[PDB]
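First comes one chain, alone, set out as structure tokens in the form deposited in one PDB entry.
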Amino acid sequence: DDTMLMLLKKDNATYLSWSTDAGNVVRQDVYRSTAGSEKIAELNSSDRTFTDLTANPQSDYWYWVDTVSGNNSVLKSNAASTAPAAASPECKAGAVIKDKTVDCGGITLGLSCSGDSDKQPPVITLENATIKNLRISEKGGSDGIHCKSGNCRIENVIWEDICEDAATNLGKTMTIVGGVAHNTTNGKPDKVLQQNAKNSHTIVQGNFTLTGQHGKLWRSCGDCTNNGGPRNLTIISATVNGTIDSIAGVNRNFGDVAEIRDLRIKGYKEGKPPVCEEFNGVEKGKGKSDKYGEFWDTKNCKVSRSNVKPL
């Protein structure tokens, strides 16, 4: 077994993100160098990120995560450094990966970033496939990672700067596990997740973390050509350590369901940001998509106020 730990020192914080294949985990421990290191956090079994706000900004640090399994075995990750100093051969910029799992070993990949609104090429295309331990470059964000078909998993990816989208789902299920996505504001509104296919499901888990200044996490298209649903989103666990305009927008009439379980937002107050907003979805050229507002515990917004907590 191995745990791959990566970090992003950015936005006055140090973000840890990792993937592990250790089965049956019950606890995770976070260590930071300073008697060669100290335990700075004890975590649940499912988180795959951690935000360190107590580190000295001027110092360079090393980090470790330990996972504890049911057989009492403790697995230590690689040491990860905030300062600079194995990858699958298929880990290339613009690659199309099919029916397999690919470990990029923490390398950085990227194409370019236009700045225009037209569709940009994905840095990675997944067809019923999984990618893990990858950094998408600041200058080559392009259109991030695409799930083109089947079931895709996106595990421990760090978006240094979202270009067009972070991830786009056309398949059956797209599951994001841990990872960290940075964005800077400003001409389309910024958005993290993109999901145009119907009968589709995007899952966000492992405490996937947004940092910087964001627009929307996710919005089912309100006025697209051949619009319809259901388009589904499930946030098992996520953290927004920064600003964001809104979380999830669903079309009430097309059966979209946003289910949100464990959402943490910096300085969260009800309505700031709105969490689940319901809209009327329309066909392109047949009016605008009206906003009904923010809702809780409805057929389309499966989220309770207890599912969202400040930070």
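A residue's number is simply how far along the shown sequence it sits, counting from 1. Rigid core (definition): largest C-alpha set, two forms, superposition within 1.5 Å.
FYI, the form deposited in another entry isn't displayed, but the following is about it.
Enquirer: Scan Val96, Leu75, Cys224, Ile107 for the one whose CA shifts by 2 Å or more between the shown form and the other one after superposing the rigid core, and name it.
Expert: That would be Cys224.
Enquirer: Honestly, after the rigid core fit, is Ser142 moving at least 2 Å at Cα between the shown form and the other one?
Expert: Result for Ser142: yes, a 2 Å-plus shift.
Enquirer: For a quick test of reading the superposition: does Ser289 move by 2 Å or more at the CA between the shown form and the other one, rigid core aligned?
Expert: Indeed, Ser289 is displaced by 2 Å or more.
Enquirer: Note yes or no: does the Cα of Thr168 move by 2 Å or more between the shown form and the other one after the core is superposed?
Expert: No; that C-alpha moves by less than 2 Å between the shown form and the other one.
Enquirer: Given a CA distance change of at least 3 Å, are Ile203 and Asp118 closer or farther in the other form?
Expert: Farther apart, by at least 3 Å.
Enquirer: Comparing against this form, do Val123 and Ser117 have their CA atoms pulled together or pushed apart in the other form? The difference is 3 Å or more.
Expert: Residues converge in the other form, at least 3 Å closer.
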